[PDB]
Amino acid sequence: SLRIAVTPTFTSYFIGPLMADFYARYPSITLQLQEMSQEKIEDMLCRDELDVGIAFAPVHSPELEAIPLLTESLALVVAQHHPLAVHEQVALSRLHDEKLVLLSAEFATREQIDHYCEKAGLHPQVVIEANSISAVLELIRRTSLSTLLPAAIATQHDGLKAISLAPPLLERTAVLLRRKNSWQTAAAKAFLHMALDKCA
Amino acid sequence: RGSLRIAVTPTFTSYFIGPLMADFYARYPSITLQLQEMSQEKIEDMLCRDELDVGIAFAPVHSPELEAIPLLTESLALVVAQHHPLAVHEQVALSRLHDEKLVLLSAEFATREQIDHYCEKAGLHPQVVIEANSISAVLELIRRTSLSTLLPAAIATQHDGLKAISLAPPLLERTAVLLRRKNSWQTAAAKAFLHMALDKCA
């Protein structure tokens, strides 16, 4: 009965493949996956309500151990018919003229976006906000709007492309979390190992 | 030149609201849009407090101060990947669920609540090997395995690698509804949105 929790960005590109592979390898293990804020993941782990979590550094809880997983970098994600979809990379200043669909303020990703946009002197117009990554992706594929999301998400979807931002806007280190000195089951350990191999 | 605050229950995020909002935006680019998926209860509550302009959920509505407009009928289907053994059929007997290993939404979702209730009622107790608090995650799991899930048939249409198999005796059918607080006049945008919502279901 492996209980997994991840911050919202991972749901859109990381966890699906990994869990599918794990299930295929170990069909007898019942899986539970929940996406939620990092704070809630850290708290639930402390209370042994979860076996493994996936979030970002820095971890706020001392009783938790963090193992670097990968680097997540924000890109301008657009549909193939977007004017900028022709480039592989674009200058950060381009954001000024972009009409964006973004995740709402309760998402850590949106918080970081605002902070670093402010820091870089960028204030693009946000015409649409949604509290769902899937909703944002749907909106971008059907319009000429763009969004700011981890580049890894575009790879998962055909009609979407991730445009790297010249001076990068946001880079974060994804981490695997587990409560220290509270030992793991064979399934949990296998899962952690699989998560690392996939990122190797 | 105004704003439009929309709320919808989870299933609509996966097939209905995306196309509708994209069309609305294209038609009225000057209107700022805000979309939030949440439980029906929270949608009804927020509407009563004028914290939303329009909501989409299901009958029956519990709040008297809200007006409901029938939108469409949502029926649960067995959603599988094209390589699923049953993907060859367009319809299967409900008894098939017994042998299915399912990936379902967790207990906090009304959709899961209804699934459990009607399965119990029909004398069906399929094995649930994976639970997730996200429709997207469920879909990704189904695409990559030979498991199946129970979701609105309309979702499969949106995804190529997925097929919705109709259930002989249906399992669950719900009336989707548009919600707006009565006697509290709507903006031009809100009214336009409602009309567009209906046209797309016409």
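Naming: A, B, ... by sequence-line order, numbering from 1 per chain. We use all heavy atoms of the structure for the numbers below, so side chains are in, but hydrogens, waters and symmetry mates are not.
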For A:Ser182, the side-chain contact (heavy atoms from CB on, under 4.5 Å) test, sequence neighbours excluded, returns A:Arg179
Here the salt bridge (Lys or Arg N to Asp or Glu O under 4.0 Å) pairs for residues 185-194 of chain A, sequence neighbours left out, are none
Hey, could you give me the OG1/CG distance between A:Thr185 and A:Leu2, rounded to the nearest 0.5 Å? 6.0 Å
Rounding to 0.5 Å, atoms CG (B:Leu71) and CG (B:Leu178) come to a distance of 4.5 Å
If we only count heavy atoms from C-beta on, is the B:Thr111 to B:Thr11 side-chain gap below 4.5 Å? yes
Which residue pairs pass the salt bridge (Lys or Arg N to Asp or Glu O under 4.0 Å) test with at least one member in residues 164-177 of chain B, sequence neighbours excluded? B:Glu74-B:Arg174
Does any part of the side chain of A:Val175, heavy atoms only, come nearer than 4.5 Å to the side chain of A:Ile67, both counted from C-beta? no
Quick one: which residue pairs count as a side chain to side chain donor-acceptor pair (under 3.5 Å) with a foot in residues 21-41 of chain A, not counting sequence neighbours? A:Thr11-A:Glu35
Show every salt bridge (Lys or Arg N to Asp or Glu O under 4.0 Å) that has at least one partner inside residues 132-147 of chain B, sequence neighbours left out. B:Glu140-B:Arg143, B:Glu140-B:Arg144
Taking every heavy atom of A:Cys117 against every heavy atom of A:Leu169, the minimum-distance pair comes out as N-CD2, 4.1 Å
Heavy atoms only: give me the nearest B:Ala189-B:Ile31 pair and the separation to one decimal. CB-CD1, 3.4 Å
Ignoring hydrogens and angles, write down the donor-acceptor pairs under 3.5 Å from the side chains of residues 190-200 of chain A, residues two or more places apart or on other chains.
unit_1   : atom_1 : unit_2  : atom_2 : d
A:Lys198 : NZ     : A:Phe14 : O      : 2.7

State, with a plain yes or no, whether a side-chain heavy atom of B:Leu104 is found less than 4.5 Å away from one of B:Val138. no
When you look at B:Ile130 and A:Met19, which way does the side chain to side chain contact (heavy atoms under 4.5 Å, CB included) test go after all the steps? CA-CA 10 Å; B:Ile130 302 176; A:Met19 285 178 63; 4.0 Å; yes
Any pair counted as side chain to side chain donor-acceptor pair (under 3.5 Å), so long as it reaches residues 73-84 of chain A, sequence neighbours left out: A:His82-A:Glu98
Can a donor-acceptor pair be found, under 3.5 Å and without considering hydrogens, that links the side chain of B:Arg5 to the backbone of B:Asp50? yes
Derivation and outcome, side chain to side chain contact (heavy atoms under 4.5 Å, CB included), residues A:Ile15 and A:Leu18: CA-CA 5 Å; A:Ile15 59 75; A:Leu18 177 49; 5.6 Å; no
Output the distance between atom CD1 (A:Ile133) and atom OG (B:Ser136), rounded to the nearest 0.5 Å. 8.5 Å
Looking at side-chain heavy atoms only, is the closest gap between B:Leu102 and B:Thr149 below 4.5 Å? no
Less than 3.5 Å apart, which donor and acceptor atoms pair up between the side chains of residues 148-164 of chain A and the rest of the protein, not counting sequence neighbours?
unit_1   : atom_1 : unit_2  : atom_2 : d
A:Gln156 : NE2    : A:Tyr13 : O      : 3.2
A:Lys161 : NZ     : A:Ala85 : O      : 2.5
A:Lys161 : NZ     : A:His87 : O      : 3.0
A:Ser164 : OG     : A:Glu88 : O      : 2.9

Any non-hydrogen side-chain atom of A:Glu129 less than 4.5 Å from a side-chain atom of A:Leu103? no
Who are the side-chain contact (heavy atoms from CB on, under 4.5 Å) partners of B:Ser63, not counting sequence neighbours? B:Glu44, B:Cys48, B:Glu65, B:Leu66
To the closest 0.5 Å, what do you measure between CD1 (A:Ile54) and CD1 (A:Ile4)? 7.0 Å
Nearest heavy-atom neighbours spanning B:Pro126 and B:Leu97: CB-O, 3.0 Å
B:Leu78 and B:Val80, any side-chain heavy atoms less than 4.5 Å apart: yes
Gap separating the OG atom of A:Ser104 from the CG atom of A:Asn131, nearest 0.5 angstrom: 5.0 Å
Quick check against the 3.5 Å criterion: does A:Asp51 have a side-chain atom that pairs as donor or acceptor with the backbone of A:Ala188? no
What's the shortest heavy-atom distance between A:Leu45 and A:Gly53, and which atoms? CD1-N, 4.2 Å
List in chain and number order the residues that pass side-chain contact (heavy atoms from CB on, under 4.5 Å) with B:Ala122, two or more places apart in sequence or in another chain; answer none if no residue qualifies. B:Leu94, B:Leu124
Test: side chain to side chain donor-acceptor pair (under 3.5 Å). Region: residues 111-128 of chain A. Which pairs qualify, not counting sequence neighbours? A:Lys99-A:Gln125, A:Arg110-A:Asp114
Kindly write out the residues that satisfy ring-ring contact (aromatic ring centres under 6.0 Å, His included) with B:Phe58, not counting sequence neighbours, or none if the list is empty. B:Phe12
Would a 4.5 Å heavy-atom cut-off, applied to side chains only, mark B:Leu76 and B:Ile115 as touching? yes
Output for pair (B:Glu67 CD, B:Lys182 NZ), nearest 0.5 Å, gives 7.0 Å
If you take all heavy atoms of B:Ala68 and B:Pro70, which pair is closest and at what distance? O-CD, 4.0 Å
Please examine the side chains of B:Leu141 and B:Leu147, heavy atoms only from C-beta on, and report whether any two atoms are closer than 4.5 Å. no
Grab the two heavy atoms, one from A:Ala166 and one from A:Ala91, that are nearest each other, plus how far apart they are. CB-CA, 3.6 Å
